[PDB]
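Peer 1: Experimental coordinates follow, after the sequence.
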Amino acid sequence: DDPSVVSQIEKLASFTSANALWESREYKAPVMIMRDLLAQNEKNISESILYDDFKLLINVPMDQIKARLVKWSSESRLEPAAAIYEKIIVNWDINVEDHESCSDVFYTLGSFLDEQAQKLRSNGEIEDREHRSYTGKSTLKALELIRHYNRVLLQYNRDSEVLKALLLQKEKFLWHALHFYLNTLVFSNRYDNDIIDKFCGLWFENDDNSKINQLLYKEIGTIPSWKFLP
């Protein structure tokens, strides 16, 4: 008799087998699966409507736990199926509430977002400006000569006004990675050893940063823990 019961079971069965598959042999790019499961949680909203005792009582087990279901789907697609940084939007919004499990999905995705921040730090920002200046000086026979400059400059300015976009990307999607994975820490147990080292690393390299470390300035203030030993 389905008063929320079968609809929730069917989406659960879908996720239940899927998270085994996400840890299987070769899952190079399951972007599709991520999105299909996302839709089951986003659209089967009436998953709870009829309201009927056992139907409501499913909460006394787990019920949907959408953020976890959503972020598991988000995690298996990481790397080429990550869909670079645009995905941070889809991985966002379903922030639910503090709970017994969940802090760990933020760190898995958060860590990935940082891994991507490093697999970005390959852009030729050294010789970008270097070559621009090279051309500028060299902007002689091929430019200073005359009208050539007008066309060369047109191209140069358009080529020049580009790089800061990647800077902002690194300084923005990572803002979110960190804001949310830091804020979730609160109930630090079970998986903490690996978080301690992670945060050390964040501060270690990201020592001076008024926008990203700002999240860390707050997290330290919000976590006046008496542990901090190693």
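Peer 2: Happy to help now that I have it. Residues are numbered from 1 along each chain as shown.

Peer 1: neighbours around residue 40, how many?
Peer 2: For residue 40, the neighbour count with other C-beta atoms under 10 Å is 17. Every C-beta, even on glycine, is put in place using the N, C-alpha and C of the backbone.

Peer 1: List the contacts of it.
Peer 2: 11, 14, 15 (C-beta atoms under 8 Å, 6 or more residues apart in numbering).

Peer 1: before we move on, which element is the first one in?
Peer 2: If I follow you right, that is residue 11. In this assignment (DSSP states H and E), residue 11 forms part of helix 5-21.

Peer 1: With only the CA atoms kept, save that helix in CSV.
Peer 2: Provided in CSV are the C-alpha atoms of helix 5-21 (Å, rounded to 0.1, in the frame of the first residue of the first chain):
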residue,chain,number,x,y,z
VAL,A,5,6.5,3.9,1.1
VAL,A,6,7.0,2.5,-2.3
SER,A,7,8.2,5.8,-3.9
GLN,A,8,10.8,6.2,-1.2
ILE,A,9,11.8,2.5,-1.5
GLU,A,10,12.3,2.7,-5.2
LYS,A,11,14.5,5.7,-5.1
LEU,A,12,16.4,4.1,-2.2
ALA,A,13,16.9,0.9,-4.0
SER,A,14,18.3,3.0,-6.9
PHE,A,15,20.9,4.7,-4.6
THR,A,16,21.6,1.6,-2.5
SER,A,17,22.9,-0.4,-5.4
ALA,A,18,24.5,2.6,-7.0
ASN,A,19,26.8,3.4,-4.2
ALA,A,20,28.4,0.0,-4.5
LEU,A,21,28.9,0.6,-8.2
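
Peer 1: Tell me which other helices or strands it touches.
Peer 2: On a contact count with 3 or more C-beta pairs under 8 Å, 6 or more residues apart in numbering; DSSP states H and E, helix 5-21 meets helix 31-43, helix 66-76.

Peer 1: Let's see that with 10 Å instead.
Peer 2: Packing contacts for helix 5-21, counted by 3 or more C-beta pairs under 10 Å, 6 or more residues apart in numbering; DSSP states H and E, involve helix 31-43, helix 54-57, helix 66-76.

Peer 1: May I see these organised as JSON lines, with distance to residue 7 added?
Peer 2: Shown next, in JSON lines, are the helices and strands packed on helix 5-21 (distance: least, C-beta to C-beta, whole Å):
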{"stretch": "helix 31-43", "distance to residue 7": "10"}
{"stretch": "helix 54-57", "distance to residue 7": "10"}
{"stretch": "helix 66-76", "distance to residue 7": "14"}
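
Peer 1: and residue 152, what does it touch?
Peer 2: Contact analysis of residue 152 by C-beta atoms under 10 Å, 6 or more residues apart in numbering lists 135, 136, 138, 139, 142, 143, 144, 145.
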